[PDB]
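> One structure, pasted below without further comment.
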Amino acid sequence: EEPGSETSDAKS
Amino acid sequence: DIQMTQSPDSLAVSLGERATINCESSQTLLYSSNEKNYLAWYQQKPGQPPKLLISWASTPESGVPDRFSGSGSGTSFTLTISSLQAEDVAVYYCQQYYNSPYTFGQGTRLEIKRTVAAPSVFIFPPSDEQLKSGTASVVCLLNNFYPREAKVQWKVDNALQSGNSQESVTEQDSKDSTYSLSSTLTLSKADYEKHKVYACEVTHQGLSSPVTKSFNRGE
Amino acid sequence: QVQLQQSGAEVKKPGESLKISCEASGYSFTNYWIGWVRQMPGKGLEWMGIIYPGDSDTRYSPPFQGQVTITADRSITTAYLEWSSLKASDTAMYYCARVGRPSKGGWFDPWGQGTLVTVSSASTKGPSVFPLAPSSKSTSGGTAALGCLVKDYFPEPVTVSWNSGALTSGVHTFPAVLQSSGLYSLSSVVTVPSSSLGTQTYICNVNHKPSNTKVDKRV
């Protein structure tokens, strides 16, 4: 799909 | 869960020659949107923590020597050492950081390939001191050989032993690129004194036929 | 700059609990994922999981899901790895490592120096040091091998020197092997000219810190 490390794992 | 498969498990390259380490992912690590490959390479020297060499597949950390390059895309990646130097002997790991868990490859052990060298074989009876304690250890030393593969078989009054030996092998020697191996046969003290002939037979590429070093208990 | 200071080596009995720590400095502790990597003796890196101290969110790889717990303490910038009931196969090196870029997933950089965890039912015991005597007569004109068998200690590690450090050429000190009895054993060997056997004296110096055993063995 698209990388978890840029999405589900990304933080603010 | 993305699986990372490196090849080969172990790699022997002559000094000054090209070393190629492959890494294959079960899913693509290419993010089509930014065209980036979510793949890192690590180098781990013995006794030390891993060190990052390459991120984003094709991108070395600062200070990484120019003989290192990373290539590939999608599911197929390659770490290249253009000209292998002594300082490069290590285990190399790839790692995907596309989807958690950020799994590592299983590691590729890179060693120096040198000319075949046969072991020097030495056999050591149990010491009188140890004999005191109802334990006997018979030690067989294989010294300064290459490649690292070797077979030790223990014979006691010509009866082949199995299960009662343990081996240990050194790191590849930094100056001569050979290995050494130690094999310890464990017997009860009383068994040791029930038998007479103790022999370790060694098989290795560098030996034209297997060598036997023996002794007779009590000379 | 960035430092990841891990707690000291642990030696534990199976069934005990254990929490190891990694103290971070040099960056904003809550803006980076931070995690743990296991390396069992002689094997590869295994990504265990990571924690984002900004919101305590965690990720685990399946083999460690439900085995360990990773936490963090924002107030002391420290991350933790915890087992409820250690087993023997938890024996391994454990690296703490920070993800190499803030606020997102990715590779690990930098790494801590590691915490060695030994889980065994064995209790501390100093080694017995036995001579491995040369055997090869002084008038052979060749090379002789001799050594010391450092047998039956717990836990790791032992150090071996020869002639108090004046004998380093030709010395091989092998990695310890775990015997089936649960005690470690290793040999240190050295090759020397046979012609030196009658004149030169050879003494191995064995230190085992955890038992405060120091032994000099003449061979």
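Labeling convention for the structure tokens: chains A, B, ... as they appear, residues from 1 per chain, ligands from 1 in order of appearance.
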Please return, as an MDAnalysis selection string, all residues of chain C lying within 12 Å of chain A when only C-alpha atoms are considered.

chainID C and resid 30:33 50:59 99 101:107

> Using only C-alpha atoms, select each residue of chain B with any atom at most 7 Å away from an atom of chain A, and give the selection as number ranges by chain.

B: 31, 97-100

> Residues of chain C within 9 Å of chain B, counting only C-alpha atoms, what are they? List them as a ChimeraX atom specification.

/C:43-50,59-62,95,105-114,128-135,144-146,149,172-179,186-187,189,191

> Fewer than 6 positions away in the same chain doesn't count, so skip those; otherwise give me all residues within 12 Å of residue 195 of chain C, counting only C-alpha atoms, as an MDAnalysis selection string.

chainID C and resid 134 136:144

> Include C-alpha atoms and write out the residues we just selected as a PDB file, in the first residue's frame.


ATOM      1  CA  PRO C 134      53.383 -29.422  25.259  1.00  0.00           C
ATOM      2  CA  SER C 136      56.404 -32.690  21.420  1.00  0.00           C
ATOM      3  CA  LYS C 137      60.032 -33.045  22.805  1.00  0.00           C
ATOM      4  CA  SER C 138      62.521 -30.165  22.646  1.00  0.00           C
ATOM      5  CA  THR C 139      64.728 -31.741  19.919  1.00  0.00           C
ATOM      6  CA  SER C 140      62.104 -32.057  17.153  1.00  0.00           C
ATOM      7  CA  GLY C 141      63.060 -28.817  15.418  1.00  0.00           C
ATOM      8  CA  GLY C 142      59.422 -27.949  14.863  1.00  0.00           C
ATOM      9  CA  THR C 143      56.555 -26.215  16.612  1.00  0.00           C
ATOM     10  CA  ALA C 144      54.852 -27.238  19.835  1.00  0.00           C
TER      11      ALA C 144
END

> With only C-alpha atoms as the atoms that count, which of B:70, B:10, B:209, B:163 lies nearest to residue 180 of chain C?

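Looking at the shortest contact to residue 180 of chain C, the residue is B:163.
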